[PDB]
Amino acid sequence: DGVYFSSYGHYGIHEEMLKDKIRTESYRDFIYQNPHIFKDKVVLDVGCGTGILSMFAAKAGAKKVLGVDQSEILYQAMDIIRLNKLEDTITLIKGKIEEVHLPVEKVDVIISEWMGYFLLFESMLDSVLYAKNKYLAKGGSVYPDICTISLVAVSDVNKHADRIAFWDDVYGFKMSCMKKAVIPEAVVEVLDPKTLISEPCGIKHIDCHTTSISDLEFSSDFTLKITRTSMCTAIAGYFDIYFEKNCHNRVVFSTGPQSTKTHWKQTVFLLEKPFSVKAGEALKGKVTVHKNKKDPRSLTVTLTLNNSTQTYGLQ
């Protein structure tokens, strides 16, 4: 989509992503501490951006790195690779991974940073799975290989009031009809871990080696173990990223609220009707994640909890 690749044309998003130390050091450590994965191999960097994953792979001893991006950032990547004198190892190709012509039939390794808010926002894993099905050699590997999504309950009456009740009295005037636009929009924000009132519950496990495209729309029945008697005002979502297959030095990071903040923050679903929970309670709910019918890069999250159902949107 023209709007989608246009946004990634600007250096601003690439600066934010590169300055995310948890993200950037995790990939750096994965590659530098497992050079047996890259030594003398053919590597495909899907959505290479500025191209630093391709340069990591070269440093780790890749025979050949193919960096692919549809964004205009690829022209910056070309200059960056030339500035670093790596043009004999790294080839950059402008286009969608779905339609570009590659100068090889097969690659030994696919690496990518495809993750959106709540993991699946932007639907870029579909592109990586296209690349894997078409190009990954027999016995090849895709990294990161394992991803999880988790939910956790939140009590934060003040944050709820600031976003919702706010619209009841604005300098004496009623603006209550605005609440209808607010509730269905998922909020991307850093969550104070003091406001967590449950143990986390895993709602999705993905292995990029065995997952199909169709698996990326899913339902889960979840149980949240309530740890604090309180008013439940929201459910928050986050994701964990693992580098595992054939690793001597496994790497993990979490985007959860108990972990150092990343640029992905946490995804918060505000409850239209907050409700009381008790420590020890097993809170049962159902969550379904779909691609938005209108824009398949946008997500729909359907949440059933406390005998009420709300659908939330990520952009």
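Definition used throughout: the rigid core is the maximal C-alpha set that superposes within 1.5 Å between two forms. Numbering starts at 1 and runs along the sequence shown.
Comparing 226-234 with 117-125 in 6 other deposited structures of this protein, after superposition on the rigid core, the stretch with the greater RMS C-alpha deviation is 117-125.
In 6 other deposited structures of this protein, superposed on the rigid core, the segment with the larger root-mean-square CA displacement between 175-183 and 216-224 is 175-183. The records show that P296 is omitted from the coordinate set of at least a third of the other eligible entries of this protein.
Look at the C-alpha B-factors of 165-173 and of 148-156. On average they run higher in 165-173. In this entry, 179-187 shows the higher mean Cα temperature factor of the pair 179-187 and 238-246. Annotation for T233, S198, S214, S112: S214 ranks highest, by Cα B-factor. Sort the modelled residues of the chain by CA B factor and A282 lands in the highest third. Per the PDB record, residue ranking by Cα B-factor puts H36 in the lowest third of the chain.
Ranked by C-alpha B-factor against the other modelled residues of its chain, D20 falls in the lowest third. Per-chain ranking of the deposited C-alpha B factor places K64 in the highest third.
In this PDB entry, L119 carries a Cα temperature factor that places it within the lowest third of its chain's modelled residues.
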